[PDB]
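Enquirer: dropping in the first section of the assembly, placed as in the complex:
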Amino acid sequence: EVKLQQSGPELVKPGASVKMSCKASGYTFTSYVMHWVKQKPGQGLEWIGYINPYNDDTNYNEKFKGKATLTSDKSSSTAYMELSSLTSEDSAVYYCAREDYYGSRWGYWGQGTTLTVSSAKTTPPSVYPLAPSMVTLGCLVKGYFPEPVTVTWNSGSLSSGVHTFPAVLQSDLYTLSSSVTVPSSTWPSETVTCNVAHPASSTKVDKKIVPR
C-alpha cells in the first residue's frame, strides 16, 4: 500500500536549521505532489507549501516563504523540508501529505515529526514506581528532556486500564505519570511493571511495582 514515513523527533538549538524527511513507498513518486503542514499543540492545521517531485516546482504559504525550503530526491522517493532560523515558535508537529489525482484529496499522510527548538540540554528520566475490588498502580517519570517518552505496562499487555497523562514542562524538564488499574486478585500475585523508553538519551528502564 501507499505509505509515508517521516523522520523521528528533533531537538535543535535556536538559530539552527533542520531537515525533516518524508519517505514514500507503494506508488510512483514523481506522479504525485507532496504537501507539508504545521500544527502547534491543540491548534489547527497551517499549510506550509508543496513540492512537485516531477519537475521540482514549489509554492509556499507567505507565512513560510522565508522559513521553509522543500525539495525531493527522485531516486530515494523522499520529500524533504528544511526549516531555517529556528525559534521556539517553530516547535510543533510537522506533517507531509500526498495530494491525489482524485479531486485533489489528501488520502495519505505521514505520522508527523515533532520539532522542539530549545536551548535546554538532553536529560534522561528518573522512573519511580507508585505502589498503594480493583487496584490502581502508578509510574512517575520525572525530569527528562526533550519529549517524547514512551510508557507501557507489561510490554502492552495491560493497555486496557491505562491512563498516561501528558507531560508538563517545569524548569526546562518534563514530568509525567501513568496509572494502571487491575483486579485486586491479579496484583500483587502477578507482577506488574512499567516500561519507559526515552530514545533521545537511549534509555530503556523497567520498574516492577512492589508493595511497600
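Expert: Received the coordinates, thanks. Residues are numbered from 1 along each chain as shown, chains lettered A, B, ... in the order given.
Enquirer: what's in contact with the strand or helix carrying residue A:24?
Expert: Under the criterion of DSSP states H and E, residue A:24 resides in strand A:18-25. The contact list for strand A:18-25, computed with C-beta atoms under 8 Å, 6 or more residues apart in numbering, reads A:2-7, A:10, A:12, A:32, A:34, A:36, A:76-83, A:86, A:94, A:96, A:98, A:110, A:113, A:115. Quick note: C-beta positions are derived from backbone N, CA and C, even for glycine.
Enquirer: of these, select the buried ones using a PyMOL command.
Expert: Per 16 or more other C-beta atoms under 10 Å, the buried members of the contacts of strand A:18-25 correspond to this PyMOL selection:
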select buried, chain A and resi 4+6+7+10+12+32+34+36+77+78+79+80+81+83+86+94+96+98+110+113+115
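Enquirer: among the contacts of strand A:18-25, which ones are in strands?
Expert: Members of those lying in strands (criterion: DSSP state E): A:3-6, A:10, A:12, A:34, A:36, A:78-83, A:94, A:96, A:98, A:113, A:115.
Enquirer: thinking again about what came up before, relative to strand A:78-83, how tilted is the strand holding residue A:24?
Expert: 160 degrees (axes from the mean of the first three to the mean of the last three C-alpha atoms, to 10 degrees).
Enquirer: in its sheet, what does strand A:18-25 sit against?
Expert: Paired strands of strand A:18-25, with direction, are strand A:3-6 (antiparallel), strand A:78-83 (antiparallel) (DSSP bridges).
Enquirer: closest to residue A:155 out of these?
Expert: strand A:3-6 (23.6 Å; C-beta to C-beta).
Enquirer: got the CA positions of that closest one in PDB?
Expert: The C-alpha coordinates for strand A:3-6 follow below in PDB (Å, rounded to 0.1, in the frame of the first residue of the first chain):
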ATOM      1  CA  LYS A   3       2.900   4.700   2.800                       C
ATOM      2  CA  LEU A   4       4.600   7.900   4.000                       C
ATOM      3  CA  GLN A   5       7.300   7.500   6.700                       C
ATOM      4  CA  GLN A   6       8.500  10.800   8.300                       C
END
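Enquirer: distance check, the residue nearest to the spatial centre of chain A against residue A:198.
Expert: Nearest residue to the geometric centre of chain A (C-alpha atoms, centre = their mean): residue A:114, 4.8 Å. In this view, residue A:114 and residue A:198 are 14 Å apart by C-beta to C-beta, to the nearest Å.
Enquirer: which ones are touching residue A:131?
Expert: Here residue A:131 is in contact with A:137, A:138, A:209, A:210, A:211, A:212 (C-beta under 8 Å, 6+ apart).
Enquirer: from those residues, list the buried ones, please.
Expert: A:137, A:138, A:209.
Enquirer: sequence for chain B below, add it please:
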Amino acid sequence: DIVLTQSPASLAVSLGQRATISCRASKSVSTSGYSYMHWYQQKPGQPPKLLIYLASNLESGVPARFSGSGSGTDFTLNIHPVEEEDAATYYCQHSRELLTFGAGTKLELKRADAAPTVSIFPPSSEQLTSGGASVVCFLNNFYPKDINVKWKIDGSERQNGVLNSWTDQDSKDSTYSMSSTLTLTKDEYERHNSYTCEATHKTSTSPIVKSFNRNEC
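Expert: One more chain to add, chain B, which I have set with the ones above:
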C-alpha cells in the same frame, strides 16, 4: 482569495444523536464541475484522516455514518448515529487557488455525570533517597471535564510545587482523567504527617478526598 468559515468551533452531542458541522466559502468552489471541498477527522496524537472528498464522496474504508453534502458556497458534514469513537476535531478543506483549512470543530460526547475514582500515592523510597518527594494523586474516569483539585498537609491547604495534567476525552467511555502532583524536598516531606488531595466536582455536593499518613509503614 476564498475564506473558509467553519462552524461551530465546539459541538457536544449525545450518543446516537446527529452531529452537523458547517463550512461556508466567500465564493463558489463548484464553478468548473465538481465541488472542491474535503472533510477530515483528527484524533489527538494522530495525523488527520480523510472522510469525504469532493463534498459528498465517502472515502474508502470510512463508515456510512459519515456523509457530506452541499454545493457552491455552503457545505455540511453529518455524523449519524454518533458513536463514542467520534470524539475528535473535524476540518473542511479547499484547494483551487490558495489551499485553506477550516478552523476546525471539536466534537465532544455527552454522557452521565461520573465522580472521579481518586487514588493517592506517597513518594517512592527510591525518590526519597535521591532527595526528592513527589506525592501523586490520580483523579480518574470522571464527567464532566471541569474539576478542582486541592492539596492539604496536616489539615491546611498547600499550593506550591503542584503540577496538574489532564487527558483528552476517552474514546470508549467518554470520560476524562486528571493527575495532580505535589513536589517537595525529602526533608520537607518528612516534617509533616498527613497528606490529602481533594476533588471538587459537579456530581457531589461534598468533595471527594483521599488521604494518607506518612508514618503508616
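Enquirer: again for the contacts of residue A:131, since chain B is there now?
Expert: When contacts are counted by C-beta atoms under 8 Å, 6 or more residues apart in numbering or on different chains, residue A:131 touches A:137, A:138, A:209, A:210, A:211, A:212, B:121, B:124.
Enquirer: possible to save these as a markdown table with secondary structure and distance to residue B:66?
Expert: Formatted as a markdown table, the contacts of residue A:131 follow (DSSP: H, G, I helix; E, B strand; the rest coil; distance: C-beta to C-beta, whole Å):
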| residue | secondary structure | distance to residue B:66 |
| --- | --- | --- |
| A:137 | strand | 39 |
| A:138 | strand | 38 |
| A:209 | coil | 42 |
| A:210 | coil | 48 |
| A:211 | coil | 48 |
| A:212 | coil | 50 |
| B:121 | strand | 42 |
| B:124 | coil | 47 |
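Enquirer: so which of these comes closest to residue B:204?
Expert: Using C-beta to C-beta, those come closest to residue B:204 at residue B:121, 22.5 Å.
Enquirer: burial of that closest one, as a residue count?
Expert: When neighbours are defined as other C-beta atoms under 10 Å in any protein chain shown, residue B:121 has 26 of them.
Enquirer: quick check: it touching residue A:130?
Expert: Yes. Between residue B:121 and residue A:130 there is a contact at 4.1 Å, judged by C-beta atoms under 8 Å.
Enquirer: touching both of those two, which residues are there?
Expert: Joint contacts of residue B:121 and residue A:130 (C-beta under 8 Å, 6+ apart) are A:138, B:136.
Enquirer: right, and residue B:149 touches residue B:166 too?
Expert: No. Residue B:149 is beyond contact range of residue B:166, at 10.5 Å (criterion: C-beta under 8 Å).
Enquirer: need the residues touching each of the two.
Expert: residue B:178.
Enquirer: who has more neighbours, those two?
Expert: residue B:149 (21 against 14).
Enquirer: secondary structure class for the more buried one?
Expert: strand (DSSP: H, G, I helix; E, B strand; the rest coil).
Enquirer: that older thread, for the strand holding residue A:24, buried residues please.
Expert: A:18, A:20, A:21, A:22, A:23, A:24 (16 or more other C-beta atoms under 10 Å in any protein chain shown).
Enquirer: of these, which ones also sit close to chain B?
Expert: Near chain B, judged by C-beta under 8 Å from any C-beta of the partner chain, there are no entries from the buried residues of strand A:18-25.
Enquirer: JSON lines for the residues you listed, including distance to residue B:203?
Expert: Listed next are these as JSON lines, based on distance: C-beta to C-beta, whole Å:
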{"residue": "A:18", "distance to residue B:203": "47"}
{"residue": "A:20", "distance to residue B:203": "46"}
{"residue": "A:21", "distance to residue B:203": "49"}
{"residue": "A:22", "distance to residue B:203": "47"}
{"residue": "A:23", "distance to residue B:203": "49"}
{"residue": "A:24", "distance to residue B:203": "50"}
